[PDB]
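Chains D and E supply the protein sequences, listed in that same order.
Using this note's numbering, the letters of the first sequence map in sequence onto residues 1 to 153.
Using this note's numbering, the letters of the second sequence map in sequence onto residues 1001 to 1153.
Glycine residues also receive a C-beta, built at the ideal position from the N, C-alpha and C atoms.
See below for the structure under consideration.
There are 2 protein chains.
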Amino acid sequence: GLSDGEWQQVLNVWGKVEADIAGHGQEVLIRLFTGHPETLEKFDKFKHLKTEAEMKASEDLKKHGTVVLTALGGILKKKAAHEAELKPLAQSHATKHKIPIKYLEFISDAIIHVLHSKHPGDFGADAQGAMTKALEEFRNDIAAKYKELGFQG
Amino acid sequence: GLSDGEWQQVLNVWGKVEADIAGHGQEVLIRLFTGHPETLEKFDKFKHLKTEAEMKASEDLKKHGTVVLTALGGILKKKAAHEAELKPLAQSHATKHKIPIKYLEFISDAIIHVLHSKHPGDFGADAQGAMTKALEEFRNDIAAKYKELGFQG
Ligand code: HEM
Ligand code: HEM
């Protein structure tokens, strides 16, 4: 994972991308298609683009560059926001509290039990299945940070 | 990964948790400590609590259950937000576009080159290292989704 420092360097340069997303997107795609021509073969809608000049002239290649970098920016920002809340919790539970993954499993089971007990009408089999998967994914995310910190959970 | 409806079910039940977070946090910790007394030994503040009654009267245990469910709710909400953008991208690139992970590495290389070319002042060696790490983690998150779909990227 990225530290707060590394995410800050990523988000700082992404601010420059957002000042001209279409220009950056066009340049990225032309760099990709000129360096690795097999990648252009994946775009049926760009079959008419046969030279770097034709690529530069394409309205729809520039529009697609905007689609790509807009989607990537969103995913980078949402990943950083998740990391900013997960990392401090994994740090303390690895290093200070020393909480095994087995104990995170026990509290996950307790949350499911209390939700079923307090919300039987609402928290039905499908919703309980959804929460079981969400808490498993949470434990796996902590376990990956544990392995990085050298803490055997 | 949760389906779109599955994340909405998790967010919906967390709204109910937040309507009585103190009560939910008490009942979760009481269920953990009564079901798995070995977990109570990690809490130097609570380890003297013997019965559900004593645990229920502890202001310190109630305070802590609220801190736990507040932290977990924030991580679930940030995970849901990241998944909502990552999942559809992985789905289309596996099932419709059939994009190998190597081609995502080629476009990552192009992004790093264009940012270095355009913004050298905000994209020195340390910032480039950070972006390399962020795009490798993005590719690994896509690869994880490919594996779930049985697409060999
Ligand atoms: C940073 C990496 C990438 C991002 C963020 C990205 C994002 C997107 C988005 C948002 C779409 C439109 C919605 C969708 O179908 O999912 C799309 C479409 C597509 N992408 Fe990607 N993409 C990436 C990399 C690639 C690469 C490397 C290739 C091929 C070498 C590729 C091939 C395609 C194709 C063929 C389409 C459909 C184009 C069309 O006909 O409309 N993608 N991509
Ligand atoms: C969903 C799971 C969990 C969440 C969200 C969570 C969250 C938190 C938070 C926010 C804190 C305070 C800030 C910090 O030190 O990081 C904390 C402290 C702590 N947690 Fe956890 N925790 C979880 C599971 C567990 C489990 C299973 C145990 C033990 C079996 C545990 C033991 C502790 C201890 C000992 C502290 C320090 C308490 C104190 O000295 O006041 N945690 N936890």
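Proximity of residue i and residue j at Cβ, strictly below 9 Å
i, j, result
"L1149(E)", "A1084(E)", "no"
"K145(D)", "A1134(E)", "no"
"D141(D)", "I1075(E)", "yes"
"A127(D)", "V1010(E)", "yes"
"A81(D)", "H1116(E)", "no"
"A22(D)", "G65(D)", "yes"
Residue i beta carbon near ligand 2 (any heavy atom closer than 8 Å)
i, result
"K1045(E)", "yes"
"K1042(E)", "yes"
"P1037(E)", "no"
"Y103(D)", "yes"
"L1011(E)", "no"
"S108(D)", "yes"
"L1002(E)", "no"
"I99(D)", "yes"
"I1075(E)", "yes"
"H1082(E)", "no"
"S92(D)", "yes"
"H1024(E)", "no"
Proximal residues to residue i (C-beta, below 8 Å), its chain only, five neighbours per side dropped
i, result
"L1049(E)", "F1033, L1040, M1055, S1058 and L1061"
"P1100(E)", "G1153"
"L1086(E)", "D1141, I1142 and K1145"
"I112(D)", "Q128, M131, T132 and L135"
Rounded separation between residue i and residue j - CA only
i, j, result
"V28(D)", "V1114(E)", "6 Å"
"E1136(E)", "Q91(D)", "22 Å"
"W7(D)", "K1077(E)", "19 Å"
"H36(D)", "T51(D)", "13 Å"
"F106(D)", "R139(D)", "11 Å"
"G129(D)", "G1(D)", "28 Å"
"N1012(E)", "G1073(E)", "11 Å"
"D44(D)", "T1132(E)", "29 Å"
"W14(D)", "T70(D)", "10 Å"
"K1118(E)", "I30(D)", "15 Å"
"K63(D)", "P1120(E)", "25 Å"
"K1147(E)", "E1018(E)", "35 Å"
"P1088(E)", "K42(D)", "18 Å"
"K1102(E)", "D4(D)", "28 Å"
"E38(D)", "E1038(E)", "58 Å"
Contacts that residue i makes with chain A (C-beta to C-beta distance below 9 Å)
i, result
"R139(D)", "Structure shown: chain A not included; protein chains present are D and E."
Residue burial classification, residue i (beta-carbon count within 10 angstroms, cutoff 16)
i, result
"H1097(E)", "exposed"
"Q152(D)", "exposed"
"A1125(E)", "exposed"
"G25(D)", "buried"
Residue i beta carbon near ligand 1 (any heavy atom closer than 8 Å)
i, result
"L1089(E)", "yes"
"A71(D)", "yes"
"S58(D)", "no"
"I142(D)", "no"
"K1096(E)", "yes"
"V1114(E)", "no"
"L32(D)", "yes"
"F1138(E)", "yes"
"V68(D)", "yes"
"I1111(E)", "yes"
Neighbourhood of residue i by C-beta, 6 Å cutoff - its chain only, sequence neighbours within 5 removed
i, result
"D1020(E)", "none"
"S1108(E)", "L1135"
"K16(D)", "none"
Neighbourhood of residue i by C-beta, 7 Å cutoff - its chain only, sequence neighbours within 5 removed
i, result
"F123(D)", "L115 and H116"
"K47(D)", "none"
"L104(D)", "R139 and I142"
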